[PDB]
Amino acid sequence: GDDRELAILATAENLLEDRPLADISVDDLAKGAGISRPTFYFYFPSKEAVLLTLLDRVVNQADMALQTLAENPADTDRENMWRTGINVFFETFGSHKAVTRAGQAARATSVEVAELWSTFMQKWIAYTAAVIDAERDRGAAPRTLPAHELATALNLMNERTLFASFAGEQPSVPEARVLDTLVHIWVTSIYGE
């Protein structure tokens, strides 16, 4: 039950490593999950719905990891605090590159996918701005740009930079350099006057 659904999701994620969603059929998904095409349609209306569920799982995985981090402070410097946080996104999305790639592409065609990304990006920006605000309140960070606006640009940078690196786009920061690159820009822009 859960098992056929889990199998469909696992098949989909595995096939997306090889080709885009356009080139994967419901027949491909059913076959891989060891069910028939009508049984597939019991669990999902479309292959598009399968992607949506896979992206939902990855975005929530990231969110829950960030929640964990937020509850137990690492006893470290400010640079390290930001690094550990960005690293949640690097490792989570970077562990699901095919879903990340397909999910990004689907924003163009899917209002539900567009709204899922938007919802979580708004949450992550809000959290970012709250931490900047806390750093300012304690006297560690200068009161420069509106914290929410700075947070916004820095999160959008990470979105575009991480995903270019993962996809091997030209241009991109090599994946082995992308965490240091982002952390630098975050720390200098947050603490810099």
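Rigid core (definition): largest C-alpha set, two forms, superposition within 1.5 Å. Numbers follow the displayed sequence, beginning with 1.
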| item | value |
| --- | --- |
| Farther-lying stretch by C-alpha RMS in 8 other deposited structures of this protein, rigid core as reference, of 95-103 and 75-83 | 75-83 |
| 142-150 versus 32-40 - greater average Cα B-factor per the deposited record | 32-40 |
| Mean Cα B-factor comparison, 178-186 or 12-20, giving the higher one as deposited | 12-20 |
| Which of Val99, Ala108, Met121, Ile86 ranks first by CA B-factor in the deposited coordinates | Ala108 |
| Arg136 - Cα temperature factor, lowest/middle/highest third of chain | middle |
| Position of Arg57 among the chain's modelled residues by C-alpha B-factor, lowest, middle or highest third | middle |
| Among modelled residues of the same chain, the CA temperature factor third for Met157 | lowest |
| Within-chain third of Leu69 by Cα B-factor, per the entry | highest |
| Record-listed C-alpha B factor of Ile125: chain third | lowest |
